[PDB]
Structures are given as structure tokens and as C-alpha cells.
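Engineer: For reference, this is coords14.csv, and it has CSV, N, CA and C atoms and all ligand atoms.
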chain,number,residue,atom,x,y,z
A,1,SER,N,-6.7,-6.7,23.4
A,1,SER,CA,-5.9,-6.7,22.2
A,1,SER,C,-5.4,-5.3,21.8
A,2,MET,N,-4.3,-5.3,21.0
A,2,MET,CA,-3.7,-4.1,20.6
A,2,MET,C,-3.1,-4.1,19.2
A,3,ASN,N,-3.2,-2.9,18.6
A,3,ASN,CA,-2.6,-2.7,17.3
A,3,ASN,C,-1.2,-2.2,17.5
A,4,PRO,N,-0.3,-2.5,16.6
A,4,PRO,CA,1.1,-2.0,16.6
A,4,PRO,C,1.0,-0.5,16.1
A,5,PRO,N,2.0,0.2,16.4
A,5,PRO,CA,2.1,1.5,15.7
A,5,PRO,C,2.2,1.3,14.3
A,6,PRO,N,1.7,2.4,13.5
A,6,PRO,CA,1.7,2.3,12.1
A,6,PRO,C,3.1,2.3,11.5
A,7,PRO,N,3.3,2.0,10.3
A,7,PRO,CA,4.6,2.1,9.7
A,7,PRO,C,5.0,3.6,9.7
A,8,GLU,N,6.3,3.8,9.7
A,8,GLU,CA,6.9,5.2,9.7
A,8,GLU,C,6.5,5.9,8.4
A,9,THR,N,6.1,7.2,8.5
A,9,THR,CA,5.8,8.0,7.4
A,9,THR,C,6.6,9.3,7.4
A,10,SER,N,7.4,9.5,8.5
A,10,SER,CA,8.3,10.7,8.6
A,10,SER,C,9.6,10.3,9.3
A,11,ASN,N,10.7,10.8,8.8
A,11,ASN,CA,12.0,10.5,9.4
A,11,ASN,C,13.0,11.4,8.8
A,12,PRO,N,13.3,12.5,9.4
A,12,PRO,CA,14.1,13.6,8.9
A,12,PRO,C,15.5,13.3,8.3
A,13,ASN,N,16.1,12.3,8.9
A,13,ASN,CA,17.5,11.9,8.6
A,13,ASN,C,17.5,10.9,7.4
A,14,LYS,N,16.4,10.3,7.1
A,14,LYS,CA,16.3,9.3,6.0
A,14,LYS,C,16.6,10.1,4.7
A,15,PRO,N,17.5,9.5,3.8
A,15,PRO,CA,17.6,10.1,2.5
A,15,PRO,C,16.3,9.9,1.7
A,16,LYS,N,15.9,11.0,1.0
A,16,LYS,CA,14.7,11.0,0.2
A,16,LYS,C,14.8,12.0,-0.9
A,17,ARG,N,14.0,11.7,-1.9
A,17,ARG,CA,13.9,12.5,-3.1
A,17,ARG,C,12.5,12.6,-3.7
A,18,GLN,N,12.4,13.5,-4.6
A,18,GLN,CA,11.3,13.5,-5.6
A,18,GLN,C,12.0,13.0,-6.9
A,19,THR,N,11.4,12.0,-7.5
A,19,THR,CA,11.8,11.6,-8.9
A,19,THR,C,10.5,11.7,-9.8
A,20,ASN,N,10.7,11.8,-11.1
A,20,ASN,CA,9.5,11.7,-12.0
A,20,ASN,C,8.7,10.4,-11.8
A,21,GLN,N,9.5,9.3,-11.5
A,21,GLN,CA,8.9,8.0,-11.3
A,21,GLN,C,8.0,8.1,-10.0
A,22,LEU,N,8.5,8.6,-9.0
A,22,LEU,CA,7.8,8.8,-7.7
A,22,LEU,C,6.6,9.7,-7.9
A,23,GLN,N,6.7,10.7,-8.7
A,23,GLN,CA,5.6,11.6,-9.0
A,23,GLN,C,4.5,10.8,-9.7
A,24,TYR,N,4.8,10.0,-10.7
A,24,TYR,CA,3.9,9.1,-11.4
A,24,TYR,C,3.2,8.1,-10.4
A,25,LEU,N,4.0,7.6,-9.5
A,25,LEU,CA,3.4,6.7,-8.5
A,25,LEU,C,2.3,7.4,-7.7
A,26,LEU,N,2.4,8.7,-7.4
A,26,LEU,CA,1.4,9.4,-6.7
A,26,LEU,C,0.2,9.8,-7.6
A,27,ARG,N,0.5,10.5,-8.7
A,27,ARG,CA,-0.5,11.1,-9.6
A,27,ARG,C,-1.3,10.1,-10.4
A,28,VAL,N,-0.7,9.0,-10.8
A,28,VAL,CA,-1.3,8.0,-11.6
A,28,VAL,C,-1.6,6.7,-10.8
A,29,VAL,N,-0.6,6.2,-10.1
A,29,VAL,CA,-0.8,4.8,-9.6
A,29,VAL,C,-1.6,4.9,-8.3
A,30,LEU,N,-1.2,5.7,-7.3
A,30,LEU,CA,-2.0,5.8,-6.1
A,30,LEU,C,-3.4,6.4,-6.4
A,31,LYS,N,-3.4,7.5,-7.2
A,31,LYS,CA,-4.7,8.2,-7.4
A,31,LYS,C,-5.7,7.2,-8.0
A,32,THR,N,-5.2,6.3,-8.9
A,32,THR,CA,-6.1,5.3,-9.6
A,32,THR,C,-6.6,4.3,-8.6
A,33,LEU,N,-5.7,3.7,-7.8
A,33,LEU,CA,-6.2,2.7,-6.9
A,33,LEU,C,-7.1,3.3,-5.8
A,34,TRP,N,-6.8,4.5,-5.4
A,34,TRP,CA,-7.4,5.1,-4.2
A,34,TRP,C,-8.9,5.4,-4.5
A,35,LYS,N,-9.3,5.7,-5.7
A,35,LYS,CA,-10.6,6.0,-6.1
A,35,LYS,C,-11.5,4.8,-6.4
A,36,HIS,N,-10.8,3.6,-6.5
A,36,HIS,CA,-11.5,2.4,-6.9
A,36,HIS,C,-12.5,2.0,-5.9
A,37,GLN,N,-13.6,1.4,-6.3
A,37,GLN,CA,-14.7,0.9,-5.4
A,37,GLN,C,-14.3,-0.1,-4.3
A,38,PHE,N,-13.1,-0.7,-4.5
A,38,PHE,CA,-12.6,-1.7,-3.6
A,38,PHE,C,-11.4,-1.2,-2.8
A,39,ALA,N,-11.1,0.1,-2.9
A,39,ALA,CA,-9.9,0.7,-2.2
A,39,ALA,C,-10.2,0.7,-0.7
A,40,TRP,N,-11.4,0.9,-0.2
A,40,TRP,CA,-11.6,1.3,1.2
A,40,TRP,C,-11.0,0.4,2.3
A,41,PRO,N,-10.9,-0.9,2.1
A,41,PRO,CA,-10.3,-1.7,3.2
A,41,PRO,C,-8.8,-1.4,3.3
A,42,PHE,N,-8.2,-0.9,2.2
A,42,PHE,CA,-6.8,-0.7,2.1
A,42,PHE,C,-6.3,0.7,2.3
A,43,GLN,N,-7.2,1.6,2.7
A,43,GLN,CA,-6.9,3.0,2.8
A,43,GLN,C,-6.3,3.5,4.1
A,44,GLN,N,-6.2,2.5,5.0
A,44,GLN,CA,-5.6,2.7,6.4
A,44,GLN,C,-5.1,1.4,6.9
A,45,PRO,N,-4.3,1.4,7.9
A,45,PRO,CA,-3.8,0.1,8.5
A,45,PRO,C,-4.9,-0.8,9.0
A,46,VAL,N,-4.7,-2.1,8.9
A,46,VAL,CA,-5.7,-3.0,9.4
A,46,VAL,C,-5.8,-2.8,10.9
A,47,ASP,N,-7.1,-2.5,11.3
A,47,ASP,CA,-7.4,-2.4,12.7
A,47,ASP,C,-7.9,-3.7,13.3
A,48,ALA,N,-6.9,-4.5,13.8
A,48,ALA,CA,-7.1,-5.8,14.3
A,48,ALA,C,-8.0,-5.8,15.5
A,49,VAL,N,-8.0,-4.7,16.2
A,49,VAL,CA,-8.8,-4.6,17.4
A,49,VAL,C,-10.3,-4.6,17.0
A,50,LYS,N,-10.6,-3.6,16.2
A,50,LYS,CA,-12.0,-3.3,15.7
A,50,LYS,C,-12.5,-4.5,14.9
A,51,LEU,N,-11.7,-5.2,14.1
A,51,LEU,CA,-12.1,-6.3,13.3
A,51,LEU,C,-12.0,-7.7,14.1
A,52,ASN,N,-11.6,-7.6,15.3
A,52,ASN,CA,-11.5,-8.8,16.1
A,52,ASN,C,-10.7,-9.9,15.5
A,53,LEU,N,-9.5,-9.5,15.1
A,53,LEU,CA,-8.5,-10.4,14.4
A,53,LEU,C,-7.2,-10.4,15.2
A,54,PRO,N,-7.2,-11.0,16.4
A,54,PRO,CA,-6.1,-10.9,17.3
A,54,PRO,C,-4.9,-11.6,16.8
A,55,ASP,N,-5.0,-12.5,15.8
A,55,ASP,CA,-3.8,-13.1,15.2
A,55,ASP,C,-3.2,-12.3,14.1
A,56,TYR,N,-3.8,-11.2,13.6
A,56,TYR,CA,-3.4,-10.5,12.4
A,56,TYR,C,-1.9,-10.1,12.5
A,57,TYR,N,-1.5,-9.4,13.6
A,57,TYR,CA,-0.2,-8.9,13.7
A,57,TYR,C,0.8,-9.9,14.4
A,58,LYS,N,0.2,-11.1,14.7
A,58,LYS,CA,1.1,-12.3,14.9
A,58,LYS,C,1.6,-13.0,13.6
A,59,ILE,N,0.8,-12.8,12.6
A,59,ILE,CA,1.1,-13.4,11.3
A,59,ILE,C,1.8,-12.5,10.3
A,60,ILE,N,1.2,-11.2,10.3
A,60,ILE,CA,1.7,-10.2,9.4
A,60,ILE,C,2.7,-9.3,10.1
A,61,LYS,N,3.9,-9.5,9.9
A,61,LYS,CA,5.0,-8.8,10.5
A,61,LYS,C,5.5,-7.6,9.8
A,62,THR,N,5.2,-7.4,8.5
A,62,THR,CA,5.5,-6.2,7.7
A,62,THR,C,4.2,-5.6,7.2
A,63,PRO,N,3.4,-5.0,8.0
A,63,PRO,CA,2.1,-4.4,7.5
A,63,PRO,C,2.3,-3.3,6.6
A,64,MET,N,1.4,-3.2,5.6
A,64,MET,CA,1.4,-2.0,4.8
A,64,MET,C,0.0,-1.8,4.2
A,65,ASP,N,-0.3,-0.5,3.9
A,65,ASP,CA,-1.6,-0.1,3.5
A,65,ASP,C,-1.5,1.2,2.6
A,66,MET,N,-2.5,1.5,1.9
A,66,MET,CA,-2.4,2.7,1.0
A,66,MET,C,-2.4,4.0,1.7
A,67,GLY,N,-3.0,4.1,2.9
A,67,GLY,CA,-3.0,5.3,3.7
A,67,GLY,C,-1.5,5.7,4.0
A,68,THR,N,-0.8,4.6,4.4
A,68,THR,CA,0.7,4.8,4.7
A,68,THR,C,1.4,5.2,3.4
A,69,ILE,N,1.1,4.5,2.4
A,69,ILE,CA,1.8,4.8,1.1
A,69,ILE,C,1.5,6.2,0.6
A,70,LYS,N,0.2,6.6,0.7
A,70,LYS,CA,-0.2,8.0,0.4
A,70,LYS,C,0.6,9.1,1.2
A,71,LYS,N,0.7,8.9,2.5
A,71,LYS,CA,1.5,9.8,3.4
A,71,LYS,C,3.0,9.8,3.0
A,72,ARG,N,3.5,8.6,2.7
A,72,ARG,CA,4.9,8.5,2.3
A,72,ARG,C,5.1,9.3,1.0
A,73,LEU,N,4.3,9.1,0.0
A,73,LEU,CA,4.4,9.9,-1.2
A,73,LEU,C,4.2,11.4,-1.1
A,74,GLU,N,3.2,11.8,-0.3
A,74,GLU,CA,2.9,13.2,0.0
A,74,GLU,C,4.0,13.9,0.7
A,75,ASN,N,4.7,13.1,1.6
A,75,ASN,CA,5.8,13.6,2.4
A,75,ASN,C,7.2,13.4,1.7
A,76,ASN,N,7.2,12.9,0.5
A,76,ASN,CA,8.4,12.7,-0.3
A,76,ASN,C,9.4,11.8,0.5
A,77,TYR,N,8.8,10.8,1.2
A,77,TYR,CA,9.6,9.9,2.1
A,77,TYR,C,10.5,8.9,1.4
A,78,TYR,N,10.2,8.6,0.2
A,78,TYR,CA,11.0,7.5,-0.5
A,78,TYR,C,12.3,8.1,-1.2
A,79,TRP,N,13.3,7.2,-1.4
A,79,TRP,CA,14.4,7.5,-2.3
A,79,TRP,C,14.2,7.2,-3.7
A,80,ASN,N,13.4,6.1,-4.0
A,80,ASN,CA,13.2,5.7,-5.4
A,80,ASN,C,11.9,5.0,-5.5
A,81,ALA,N,11.5,4.8,-6.8
A,81,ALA,CA,10.2,4.1,-7.1
A,81,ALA,C,10.2,2.7,-6.6
A,82,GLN,N,11.3,2.0,-6.7
A,82,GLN,CA,11.3,0.6,-6.2
A,82,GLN,C,10.8,0.4,-4.8
A,83,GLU,N,11.2,1.4,-3.9
A,83,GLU,CA,10.8,1.3,-2.5
A,83,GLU,C,9.3,1.4,-2.4
A,84,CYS,N,8.7,2.3,-3.2
A,84,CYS,CA,7.3,2.5,-3.1
A,84,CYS,C,6.5,1.3,-3.7
A,85,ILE,N,7.0,0.8,-4.9
A,85,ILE,CA,6.5,-0.4,-5.5
A,85,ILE,C,6.5,-1.6,-4.5
A,86,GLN,N,7.6,-1.7,-3.8
A,86,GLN,CA,7.7,-2.7,-2.8
A,86,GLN,C,6.6,-2.6,-1.7
A,87,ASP,N,6.2,-1.4,-1.3
A,87,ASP,CA,5.1,-1.2,-0.3
A,87,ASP,C,3.8,-1.7,-0.9
A,88,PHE,N,3.5,-1.3,-2.1
A,88,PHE,CA,2.3,-1.9,-2.7
A,88,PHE,C,2.3,-3.4,-2.7
A,89,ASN,N,3.4,-4.0,-3.2
A,89,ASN,CA,3.5,-5.5,-3.2
A,89,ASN,C,3.4,-6.1,-1.8
A,90,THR,N,4.0,-5.5,-0.8
A,90,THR,CA,3.8,-5.9,0.6
A,90,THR,C,2.3,-5.9,1.0
A,91,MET,N,1.6,-4.8,0.7
A,91,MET,CA,0.2,-4.7,0.9
A,91,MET,C,-0.6,-5.9,0.3
A,92,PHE,N,-0.4,-6.1,-0.9
A,92,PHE,CA,-1.2,-7.2,-1.6
A,92,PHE,C,-0.8,-8.5,-1.1
A,93,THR,N,0.5,-8.8,-0.9
A,93,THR,CA,0.9,-10.1,-0.4
A,93,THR,C,0.4,-10.4,1.0
A,94,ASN,N,0.5,-9.4,1.9
A,94,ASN,CA,-0.1,-9.6,3.2
A,94,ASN,C,-1.5,-10.1,3.2
A,95,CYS,N,-2.3,-9.5,2.3
A,95,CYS,CA,-3.7,-9.8,2.2
A,95,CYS,C,-3.9,-11.3,1.7
A,96,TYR,N,-3.0,-11.7,0.8
A,96,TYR,CA,-3.1,-13.1,0.4
A,96,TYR,C,-2.5,-14.1,1.4
A,97,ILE,N,-1.5,-13.7,2.1
A,97,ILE,CA,-1.0,-14.5,3.2
A,97,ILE,C,-2.1,-14.7,4.3
A,98,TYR,N,-2.7,-13.6,4.8
A,98,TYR,CA,-3.6,-13.7,5.9
A,98,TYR,C,-4.9,-14.4,5.6
A,99,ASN,N,-5.5,-14.1,4.4
A,99,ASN,CA,-6.8,-14.6,4.0
A,99,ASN,C,-6.8,-15.8,3.1
A,100,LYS,N,-8.0,-16.2,2.7
A,100,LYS,CA,-8.0,-17.5,1.9
A,100,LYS,C,-8.5,-17.1,0.5
A,101,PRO,N,-8.0,-18.0,-0.5
A,101,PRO,CA,-8.4,-17.7,-1.9
A,101,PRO,C,-9.9,-17.6,-2.0
A,102,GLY,N,-10.4,-16.7,-2.8
A,102,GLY,CA,-11.9,-16.5,-3.0
A,102,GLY,C,-12.6,-15.7,-1.9
A,103,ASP,N,-11.9,-15.3,-0.8
A,103,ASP,CA,-12.5,-14.4,0.2
A,103,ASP,C,-12.7,-13.0,-0.5
A,104,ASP,N,-13.8,-12.3,-0.2
A,104,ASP,CA,-14.1,-11.0,-0.7
A,104,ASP,C,-12.9,-10.1,-0.6
A,105,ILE,N,-12.2,-10.1,0.5
A,105,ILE,CA,-11.1,-9.2,0.7
A,105,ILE,C,-10.0,-9.5,-0.4
A,106,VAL,N,-9.8,-10.8,-0.6
A,106,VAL,CA,-8.8,-11.2,-1.6
A,106,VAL,C,-9.2,-10.8,-3.0
A,107,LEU,N,-10.5,-11.0,-3.4
A,107,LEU,CA,-11.0,-10.5,-4.7
A,107,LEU,C,-10.8,-9.0,-4.8
A,108,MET,N,-10.9,-8.3,-3.8
A,108,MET,CA,-10.7,-6.8,-3.8
A,108,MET,C,-9.3,-6.5,-4.0
A,109,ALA,N,-8.4,-7.1,-3.3
A,109,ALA,CA,-6.9,-7.0,-3.5
A,109,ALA,C,-6.5,-7.4,-4.9
A,110,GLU,N,-7.1,-8.4,-5.5
A,110,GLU,CA,-6.8,-8.8,-6.9
A,110,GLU,C,-7.1,-7.8,-7.9
A,111,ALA,N,-8.3,-7.2,-7.8
A,111,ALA,CA,-8.8,-6.1,-8.6
A,111,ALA,C,-7.8,-5.0,-8.6
A,112,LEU,N,-7.4,-4.6,-7.4
A,112,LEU,CA,-6.5,-3.4,-7.2
A,112,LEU,C,-5.1,-3.8,-7.8
A,113,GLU,N,-4.7,-5.0,-7.5
A,113,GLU,CA,-3.4,-5.4,-8.0
A,113,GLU,C,-3.3,-5.5,-9.6
A,114,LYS,N,-4.4,-5.9,-10.2
A,114,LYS,CA,-4.5,-5.9,-11.7
A,114,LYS,C,-4.2,-4.5,-12.2
A,115,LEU,N,-4.9,-3.5,-11.6
A,115,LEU,CA,-4.8,-2.1,-12.1
A,115,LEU,C,-3.4,-1.6,-11.7
A,116,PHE,N,-2.9,-1.8,-10.5
A,116,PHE,CA,-1.5,-1.5,-10.2
A,116,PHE,C,-0.6,-1.9,-11.2
A,117,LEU,N,-0.7,-3.2,-11.6
A,117,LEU,CA,0.2,-3.8,-12.6
A,117,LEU,C,0.1,-3.1,-14.0
A,118,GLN,N,-1.1,-2.8,-14.4
A,118,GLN,CA,-1.3,-2.1,-15.6
A,118,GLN,C,-0.7,-0.7,-15.6
A,119,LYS,N,-0.8,0.0,-14.4
A,119,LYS,CA,-0.2,1.3,-14.3
A,119,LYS,C,1.3,1.3,-14.2
A,120,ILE,N,1.9,0.4,-13.5
A,120,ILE,CA,3.4,0.5,-13.3
A,120,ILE,C,4.1,0.0,-14.5
A,121,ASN,N,3.3,-0.8,-15.4
A,121,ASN,CA,3.8,-1.1,-16.7
A,121,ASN,C,4.2,0.1,-17.5
A,122,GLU,N,3.6,1.3,-17.3
A,122,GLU,CA,3.9,2.5,-18.0
A,122,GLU,C,4.7,3.5,-17.1
A,123,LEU,N,5.4,3.0,-16.1
A,123,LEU,CA,6.2,3.8,-15.3
A,123,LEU,C,7.2,4.5,-16.2
A,124,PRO,N,7.3,5.9,-16.1
A,124,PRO,CA,8.2,6.5,-17.0
A,124,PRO,C,9.7,6.2,-16.8
A,125,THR,N,10.5,6.3,-17.8
A,125,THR,CA,12.0,6.3,-17.7
A,125,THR,C,12.3,7.5,-16.8
A,126,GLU,N,13.3,7.2,-15.9
A,126,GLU,CA,13.7,8.3,-15.0
A,126,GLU,C,14.4,9.4,-15.7
A,127,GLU,N,13.9,10.6,-15.5
A,127,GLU,CA,14.3,11.8,-16.2
A,127,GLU,C,14.3,13.0,-15.2
B,201,LIG,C1,-7.0,-5.3,4.0
B,201,LIG,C2,-7.3,-6.5,4.9
B,201,LIG,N1,-6.4,-7.5,4.8
B,201,LIG,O1,-6.8,-8.5,5.7
B,201,LIG,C3,-8.0,-8.1,6.3
B,201,LIG,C4,-8.7,-9.0,7.2
B,201,LIG,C5,-8.3,-6.8,5.8
B,201,LIG,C6,-9.5,-6.1,6.1
B,201,LIG,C7,-9.4,-4.7,6.3
B,201,LIG,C8,-10.4,-3.9,6.6
B,201,LIG,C9,-11.7,-4.5,6.6
B,201,LIG,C10,-11.8,-5.9,6.3
B,201,LIG,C11,-10.7,-6.7,6.0
B,201,LIG,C12,-13.3,-6.2,6.4
B,201,LIG,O2,-13.5,-7.3,7.3
B,201,LIG,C13,-13.8,-6.7,5.0
B,201,LIG,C14,-14.3,-8.0,4.8
B,201,LIG,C15,-14.8,-8.3,3.5
B,201,LIG,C16,-14.7,-7.4,2.5
B,201,LIG,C17,-14.2,-6.2,2.7
B,201,LIG,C18,-13.7,-5.8,4.0
B,201,LIG,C19,-14.0,-4.9,6.9
B,201,LIG,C20,-13.0,-3.8,6.9
B,202,NA,NA,-1.1,-5.2,5.9
What do you get writing this file as C-alpha cells?

Structural biologist:
Amino acid sequence: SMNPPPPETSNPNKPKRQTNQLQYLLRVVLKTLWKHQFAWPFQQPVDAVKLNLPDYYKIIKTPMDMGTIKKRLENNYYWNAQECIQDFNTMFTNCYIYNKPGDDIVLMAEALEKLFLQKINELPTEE
């Protein structure tokens, strides 16, 4: 069995910026989720080999994780906040698609998602 390459975190020709919203996504949103007791499964790509989940990347065709998001934010990879928000939502939705309601991993994603939603509610106006 084999893992796919991780999502892209570097691409010189891609348009990218720093915005105050993107700075908030790193300093508030990512920092908050990353320190959470339930962050650990989401801090790097799902290792389908190590976890013995050979169907994972047959089912999940747009993988995403906070390690990837962290690198994208640190590398100023994004053009806007929406792109980054989409990555978090992809991460959570993948977990719900693959797993079943009430699984520990799903409970963990729910806790992180609740906090995500509370933080992005206070996303600053772009300035
Ligand atoms: C994120 C994620 N999304 O689907 C799976 C499976 C995972 C995943 C990623 C990493 C790990 C586990 C599950 C793991 O099987 C697990 C199981 C129950 C609770 C926490 C982590 C061990 C490490
Ligand atoms: Na994923």
C-alpha cells in the first residue's frame, strides 16, 4: 500500500499574498486548533499505510490536514482567507465522509470544528 504525495505547499508562480485576514487565520485560528488536546490526528496527512486503511485514498480524493495548512500559512501560499477556510472545511468534511458518527476521530473533529467556527466568526474586516 501507498500514500499519495501530500498537498502542495510551495509553488513560486501561484499568486499569493499576506492579508490581515490570513494573518488572523495563522495567529488565532490555526494556533488555537493546533494546541487543542484533540489536534494530534490532524497535524499531518493521514498515513493510510501506518494506519492500515488501504481504502482511505480511494475514498478521500481531496485530502487536507492542519500540517499542510500550517505550512501554507507560514509560506504565505494563499491568495485569500476563503482559500484557507476551504482547507479547514475540507479537512473536517473528509473526516466525516470516511468515518462514522460517534467514532472517537469524529468527536475530535467536531470539537475542533466548533472552535474553528467560533474563531472565524470574528475574522477581521479586510484592511
Ligand atoms: C484524521 C483522520 N481522519 O480519518 C482517520 C482514520 C484519521 C486518523 C488520523 C490519524 C490517526 C487516527 C485516525 C487514529 O486511528 C485515531 C483513532 C481514534 C482516535 C484518534 C486517532 C490514530 C492516529
Ligand atoms: Na484528509

Engineer: From the options A:96, A:69, A:52, A:59, which residue's atoms come nearest to residue 83 in chain A, counting only C-alpha atoms?

Structural biologist: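 The shortest atom-to-atom distance to residue 83 in chain A comes from A:69.
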
Engineer: Find the nearest atom pair between each residue of chain A and ligand NA 202 (chain B) for residues within 7 Å, count only C-alpha atoms and all ligand atoms, give distances in Å to one decimal, sort rows by chain and ascending number, and present the table as a Markdown table.

Structural biologist:
| residue | atom | partner | partner_atom | distance |
| --- | --- | --- | --- | --- |
| A:45 | CA | B:NA202 | NA | 6.5 |
| A:46 | CA | B:NA202 | NA | 6.2 |
| A:60 | CA | B:NA202 | NA | 6.7 |
| A:62 | CA | B:NA202 | NA | 6.9 |
| A:63 | CA | B:NA202 | NA | 3.7 |
| A:64 | CA | B:NA202 | NA | 4.2 |
| A:65 | CA | B:NA202 | NA | 5.7 |
| A:91 | CA | B:NA202 | NA | 5.2 |
| A:94 | CA | B:NA202 | NA | 5.3 |
| A:95 | CA | B:NA202 | NA | 6.5 |

Engineer: Taking all atoms listed in the file into account, name the residue in A:98, A:57, A:77, A:34 that is nearest to ligand LIG 201 (chain B).

Structural biologist: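 Nearest candidate to ligand LIG 201 (chain B) out of A:98, A:57, A:77, A:34: A:98.
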
Engineer: Restricting the calculation to all atoms listed in the file, which member of A:41, A:15, A:54, A:4 is positioned closest to ligand LIG 201 (chain B)?

Structural biologist: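 The closest residue to ligand LIG 201 (chain B) is A:41.
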
Engineer: Quick one: of A:72, A:111, A:89, A:42, who's nearest to ligand LIG 201 (chain B), counting all atoms listed in the file?

Structural biologist: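 The shortest atom-to-atom distance to ligand LIG 201 (chain B) comes from A:42.
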
Engineer: Mind listing the helix (DSSP H, G or I) residues of range 7-122 of chain A, per DSSP on the backbone, as a count of residues only?

Structural biologist: 66

Engineer: Check the smallest atom-to-atom distance from each of A:84, A:53, A:33, A:120 to ligand LIG 201 (chain B) using all atoms listed in the file, then report the winner.

Structural biologist: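 Going through A:84, A:53, A:33, A:120 one by one, the smallest distance to ligand LIG 201 (chain B) is for A:53.
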
Engineer: Measuring between only C-alpha atoms and all ligand atoms, which one of A:32, A:19, A:13, A:44 shows the shortest distance to ligand LIG 201 (chain B)?

Structural biologist: A:44
